[PDB]
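Engineer: Here is the input, now give the coordinates:
(chains A and B, ligands or ions: 1)
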Amino acid sequence: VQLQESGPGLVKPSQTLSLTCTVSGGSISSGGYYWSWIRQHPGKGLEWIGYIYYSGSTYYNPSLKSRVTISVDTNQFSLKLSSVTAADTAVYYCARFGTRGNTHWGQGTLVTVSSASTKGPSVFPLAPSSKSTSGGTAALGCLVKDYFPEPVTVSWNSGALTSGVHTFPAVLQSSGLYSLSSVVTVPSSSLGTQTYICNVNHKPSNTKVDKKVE
Amino acid sequence: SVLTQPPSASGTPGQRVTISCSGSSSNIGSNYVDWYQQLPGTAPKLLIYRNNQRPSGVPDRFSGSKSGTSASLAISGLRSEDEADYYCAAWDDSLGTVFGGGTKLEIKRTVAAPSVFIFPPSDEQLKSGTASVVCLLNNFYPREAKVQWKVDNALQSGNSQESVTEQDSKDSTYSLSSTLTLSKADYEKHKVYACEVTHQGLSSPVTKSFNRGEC
Ligand SMILES: *[P@](=O)(O[C@H]1C[C@H]2CC[C@@H](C1)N2C)c1ccccc1
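Structural biologist: Numbering: from 1, shown residues only, chains lettered A, B, ... in the order given. See the structure here:
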């Protein structure tokens, strides 16, 4: 089974958060499986939201029971959390908890509760120089500056380069905007021929930039 | 917070570590404990269920135990890919499913000094009126590192932000990005920009500097 979350990365305060979990590789009509919602505040622990059984019986986190509805559609199930505040900013996971040990989690999706405006990121190349090269190994990267909200996804050469790649946790500037840098160490021999592109994606503002890093 | 875990744990490669989980009669004492492994940047995964059962794809290096209101997860042959947050979980008879605060597992590899790299502000950023200078501390251990910015050989402060990655699943090292942000006017008034790096893997502080416009 595979589980896929979907929803907005940004939600206004007091609005209702609606998330759906698309199930693939099996139906939602045979126990004993507990189709779950779990959330995780950024860089922190886990909090259970609720379970739903194929019969339709639900169990909720008592601290969220008054605000939460989990429902099954006639092959999806959803989470609706009303009257959201900044305290509800977290990564939300949908999962399939099996009583016989076959548990699968979804990838998780980040929800930021804020009234602030959405801003697209600027993408600047961190060009490799002699001050970025040591022992035949050269460093280069991209600077993803002044955006809101999280997250931005950075890949190198359409997902090719994975080794040596370091995408740092975004920092919250004085701007109120997030700043991020993504770097990769490559052989110095390949700086003149092999192309290195900075693939930056930011859905909340529709920003897709492919940066030739020179 | 309903279940109690130590915030951190550590062990050398090949050695064994145990992670405790303390609960009460209403959760651990009444039911069973599950364990979840969260690799950095990934969703949690089931590691242990029903106190000590392993799902498919989990090596026998991992084992769990439960006694009374306590539980314990053991990792026998520590690998670099074992670095993760480990959460115990249990059904509370009143609260439902509760978690522990989680335990970050650190692998004690050998001391590694960072490779230091510096990046002048790009010309496209300079068009915006801002100037960011990035200092890169790459693949080092332990985590503790100190960066000191120099501008025209003068020490800076309060004008930089730094960011650190999680421990790398393959070489057990950390990387650090330090970014100095100046106005374009500030940037052009000065001549030299330097990044001074202190780390126990270094016999003495390392400086990566550049004059404006070189290379
Ligand atoms: P597990 O923690 O609890 C099982 C016994 C009781 C309490 C919840 C549910 C399942 N119920 C029958 C568990 C196992 C699978 C999924 C969620 C929780």
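Engineer: Only C-alpha atoms from now on, for both contacts and neighbour counts.
Structural biologist: Noted.
Engineer: Outline the domain layout of chain A.
Structural biologist: Under the assignment curated CATH domains, the domains of chain A span A:2-113, A:122-212.
Engineer: Those domains: which one's closest to residue B:35?
Structural biologist: Closest to residue B:35 of the domains of chain A is domain A:2-113 (Cα to Cα; 11.3 Å).
Engineer: thinking again about what came up before, tabulate the domains of chain A (JSON lines), appending mean neighbour count.
Structural biologist: As requested, those are arranged in JSON lines below (neighbours: other Cα atoms under 10 Å in any protein chain shown):
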{"stretch": "domain A:2-113", "mean neighbour count": "18"}
{"stretch": "domain A:122-212", "mean neighbour count": "18"}
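Engineer: Would you mind saying which of the ones you listed lies nearest residue B:4?
Structural biologist: If you check each of the domains of chain A against residue B:4 by Cα to Cα, domain A:2-113 wins as the nearest, at 12.0 Å.
Engineer: can you give me the offset of that closest one from its chain's centre?
Structural biologist: Here domain A:2-113 is found 15 Å from its chain centre; the criterion is Cα atoms, centre = their mean, to the nearest Å.
Engineer: So is it next to the ligand?
Structural biologist: Yes - judged by Cα under 6 Å from any ligand atom, domain A:2-113 comes into contact with the ligand at A:34, A:97, A:98, A:99.
Engineer: picking up where we left off before, let me have the domains of chain A in JSON lines, extended by distance to chain B.
Structural biologist: JSON lines is the format used below for the domains of chain A (distance: least, Cα to the nearest Cα, whole Å):
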{"stretch": "domain A:2-113", "distance to chain B": "6"}
{"stretch": "domain A:122-212", "distance to chain B": "5"}
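Engineer: for the helix or strand where residue B:131 lies, packing partners?
Structural biologist: For residue B:131, the element it lies in under DSSP states H and E is strand B:130-140. Packing contacts for strand B:130-140, counted by 3 or more Cα pairs under 8 Å, 6 or more residues apart in numbering or on different chains; DSSP states H and E, involve strand B:115-119, strand B:174-183, helix B:184-189.
Engineer: mind putting these in a markdown table, mean neighbour count and distance to chain A included?
Structural biologist: Output for the helices and strands packed on strand B:130-140, formatted as a markdown table (neighbours: other Cα atoms under 10 Å in any protein chain shown; distance: least, Cα to the nearest Cα, whole Å):
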| stretch | mean neighbour count | distance to chain A |
| --- | --- | --- |
| strand B:115-119 | 24 | 5 |
| strand B:174-183 | 21 | 7 |
| helix B:184-189 | 14 | 15 |
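Engineer: how about the residues of chain B that lie near chain A?
Structural biologist: Within chain B, the positions near chain A by Cα under 8 Å from any Cα of the partner chain are B:42-46, B:49, B:53-55, B:87, B:95-102, B:116-122, B:124-125, B:161-165, B:175-177, B:208-210, B:215.
Engineer: Many thanks, have a good one.
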